[PDB]
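Values reported hereafter were calculated over all heavy atoms of this structure, with side chains retained and with hydrogens, waters and symmetry mates removed. Letters go in sequence order (proteins before strands), and every chain restarts at 1. Atoms within a ligand are numbered from 1 in the order they appear, just like the ligands themselves.
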Amino acid sequence: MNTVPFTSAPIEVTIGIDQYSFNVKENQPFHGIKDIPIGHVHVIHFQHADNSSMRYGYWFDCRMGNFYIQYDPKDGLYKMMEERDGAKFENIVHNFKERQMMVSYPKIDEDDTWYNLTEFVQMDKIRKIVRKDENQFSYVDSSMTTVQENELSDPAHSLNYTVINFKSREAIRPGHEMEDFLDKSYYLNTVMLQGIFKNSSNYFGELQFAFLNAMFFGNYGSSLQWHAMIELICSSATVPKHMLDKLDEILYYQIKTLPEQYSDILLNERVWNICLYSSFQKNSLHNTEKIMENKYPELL
Amino acid sequence: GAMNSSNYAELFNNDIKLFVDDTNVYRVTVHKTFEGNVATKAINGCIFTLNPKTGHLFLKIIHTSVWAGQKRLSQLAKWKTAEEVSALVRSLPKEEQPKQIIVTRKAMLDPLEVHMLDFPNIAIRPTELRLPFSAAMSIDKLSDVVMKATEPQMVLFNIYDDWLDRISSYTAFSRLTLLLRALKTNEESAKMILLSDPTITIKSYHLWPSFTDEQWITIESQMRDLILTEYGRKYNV
Ligand SMILES: O=C(O)c1cccc(NCc2cccnc2)c1
């Protein structure tokens with residue numbers, strides 16, 4: 001198990017670690033989070049008590065370095081930093097653990113939720129969507145735009161998701177206009193899977209990362225991407241059976257984890273109704289259809 | 001965006017534009033079978049593609065053979081329309097290609113947009129005008145060429161005959177839409193009005209009779225009366 005220590009907590013803030021969250025008071029003796037499960041990416045996220053504007057946070061993997069958080073009073077936020085001195089880091093952590101100044105990552109043993117939401121998400125792929133090569137961790141916030149959003153503005157601070165556009169020459173072969181528009185299989189299997197993503201695991205990784213940025217930061221562009229990647233599969237007549245079964249599992253756990261009160265701002269009625277009741281795959285997502293109908297029957 | 005009464009004069013400016021009406025592309029008769037089921041029989045149709053400034057009509061005849069062995073014909077017909085409009089644009093010299101294509105039915109928007117992806121600078125627009133272009137098959141010479149066709153064919157017409165020698169394209173379009181609305185509302189009475197007087201004929205190279213300016217005013221009044229008369233009959237007014 002790994003640890004992300006905090007130098008201090010000078011401003012009152014709600015801190016998220018993956019799907020968990022807790023409140024820290026202004027100048028409270030909080031010095032970080034311990035017992036973080038090795039083997040998964042993680043996200044540590046923030047919403048200031050005195051200014052709920054800008055949720056922001058950092059994706060990281062404790063296997064890649066020793067990371068800590070320190071508040072910057074000039075830029076007004078909690079920053080992740082890497083500590084290269086290993087013996088210094090271990091000594092700091094040990095002192096904070098001995099004084100019980102850290103919260104424990106509150107994982108229930110039976111509980112596979114985080115694995116189920118990040119099964120295909122890898123830190124190396126995050127660092128290509130979020131481009132800041134001098135750090136091993138990746139900053140995301142509520143306002144960051146996507147490359148597609150920008151084409152329709154600072155490119156250095158953008159989310160480089162794979163652009164999906166159903167009315168684009170990339171999606172539609174000359175001479176196959178009706179075929180390719182009504183059946184997205186070409187665009188899914190040849191252009192996206194074989195051409196861009198290389199395999200379904202990378203595609204699902206990006207879909208899962210988009211959902212998590214939408215949920216944890218309220219990132220509008222992340223939400224558009226997550227819906228787009230679902231619709232592309234659902235709107236294809238020819239999808240490998242293993243991908244449909246995996247998608248059903250991915251979506252089931254996403255819909256299960258979504259805060260009920262954010263359902264209005266995280267689920268798009270036109271896209272879900274199409275995928276569940278009209279698309280080629282309307283009958284291929286049994287677990288997702290069942291949870292959607294029991295948890296959000298209004299949206300449908 | 002959409003084309004309506006507010007921006008109506010835009011139809012007669014110097015930016016090349018075409019209306020595309022697909023109503024008459026897929027045409028059927030419905031009938032009982034020997035076993036007492038119901039079956040359709042397609043008949044030849046047409047795409048109505050019109051430049052409202054010049055009167056140039058590109059009438060693509062849709063021969064029934066294009067439906068042979070195809071499924072979901074009402075859907076296919078929209079995509080075939082878009083394919084053929086796209087082919088027409090590509091066939092025109094650059095300086096004759098439209099800057100806007102206005103579809104009379106919103107269901108044509110996505111098919112045409114997808115077929116025209118290679119022309120990102122041609123705007124594809126709907127309209128809030130209710131245009132009576134379905135009644136084109138009430139113009140005898142157009143109906144004749146469509147029904148006689150034995151293969152796909154494109155025939156070119158000027159739907160304003162020689163009117164633009166005497167009137168503006170705003171007035172010509174208004175005359176056309178009034179004639180077509182009257183033919184749509186009561187075809188027999190409309191044709192009676194247009195042909196009642198044997199001394200006024202249709203030139204070999206025209207679609208409509210050779211009315212003088214004063215006679216066109218009489219005809220237009222009689223067409224408006226027909227439309228109002230039918231409205232009264234319909235709604236018991
Ligand atoms: O516009 C909405 O009703 C809505 C509702 C819930 C979530 C989102 N996210 C962005 C989004 C996703 C898909 C399509 N358009 C937008 C939008």
Side-chain angles (χ1 to χ4, degrees), chain A residues 16 19 43 45 47 52-57 117 121 129-130 140-151 157-168 170-172 181-182 184 187-188 192 203-236 239 247-248 250-282 284-285 288-289 291-300, chain B residues 1 106 109-110 113-114:
Chain A
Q19 75 274 30
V43 57
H45 44 118
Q47 196 163 30
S52 33
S53 292
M54 191 188 42
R55 274 188 250 171
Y56 60 95
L117 294 172
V121 180
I129 299 171
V130 193
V140 180
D141 69 33
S142 314
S143 62
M144 281 174 39
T145 55
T146 65
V147 168
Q148 172 168 72
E149 275 182 314
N150 289 333
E151 301 163 348
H157 203 54
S158 289
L159 291 162
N160 300 276
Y161 294 119
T162 295
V163 177
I164 294 167
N165 180 358
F166 299 131
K167 299 197 269 183
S168 67
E170 289 65 44
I172 303 290
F181 187 69
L182 297 183
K184 325 257 181 222
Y187 192 30
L188 172 68
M192 288 288 161
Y203 185 96
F204 287 142
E206 181 164 329
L207 183 160
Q208 284 180 319
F209 184 62
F211 170 79
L212 294 166
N213 289 322
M215 182 174 59
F216 287 134
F217 304 112
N219 187 269
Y220 185 85
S222 296
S223 193
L224 197 179
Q225 184 72 16
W226 175 57
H227 281 98
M229 301 187 75
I230 296 164
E231 194 178 347
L232 172 58
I233 292 174
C234 289
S235 297
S236 294
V239 184
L247 179 64
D248 196 21
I250 288 172
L251 296 181
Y252 174 83
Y253 287 109
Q254 291 174 338
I255 297 303
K256 184 185 185 68
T257 305
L258 267 184
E260 306 67 40
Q261 297 299 333
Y262 296 178
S263 45
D264 55 340
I265 60 166
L266 283 163
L267 304 172
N268 182 274
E269 165 211 60
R270 179 206 82 121
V271 184
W272 276 95
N273 273 278
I274 272 47
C275 291
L276 292 176
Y277 308 112
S278 336
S279 77
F280 286 108
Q281 305 304 336
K282 65 193 171 306
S284 304
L285 301 170
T288 292
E289 181 164 304
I291 191 172
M292 284 290 287
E293 291 179 351
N294 281 282
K295 193 181 183 198
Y296 302 116
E298 327 85 41
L299 191 85
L300 317 172
Chain B
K106 302 176 219 60
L109 286 168
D110 282 347
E113 177 175 359
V114 169

Suppose we measure from [atom] to each protein heavy atom; which comes out shortest, and what is that distance?
atom                    : result
atom 17 (C) of ligand 1 : A:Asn268 ND2, 3.8 Å
atom 8 (C) of ligand 1  : A:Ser223 OG, 3.8 Å
atom 12 (C) of ligand 1 : A:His227 ND1, 3.2 Å
atom 16 (C) of ligand 1 : A:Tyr220 OH, 3.6 Å
atom 6 (C) of ligand 1  : A:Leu267 O, 3.2 Å
atom 7 (C) of ligand 1  : A:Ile265 O, 3.2 Å

For A:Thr162 and A:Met192, which heavy atoms make the closest approach, and how far apart are they?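 That closest heavy-atom pairing would be CG2-SD, 3.7 Å.
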
Give the atom numbers and elements of ligand 1 that come within less than 4.0 Å of a heavy atom of A:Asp264.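 Listed by number with element, the hits are 5 (C), 6 (C).
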
Candidate pair A:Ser222 and A:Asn219, rule side chain to side chain donor-acceptor pair (under 3.5 Å), full reasoning: CA-CA 5 Å; A:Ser222 296; A:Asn219 187 269; 2.5 Å; yes

Measure the [atom1]-[atom2] distance between [X] and [Y] for me, rounded to the nearest 0.5 Å.
X        : Y        : atom1 : atom2 : result
A:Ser142 : A:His45  : OG    : NE2   : 11.0 Å
A:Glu231 : A:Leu224 : CD    : CG    : 10.0 Å
A:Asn273 : A:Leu267 : CG    : CG    : 11.0 Å
A:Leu207 : A:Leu232 : CG    : CG    : 10.0 Å

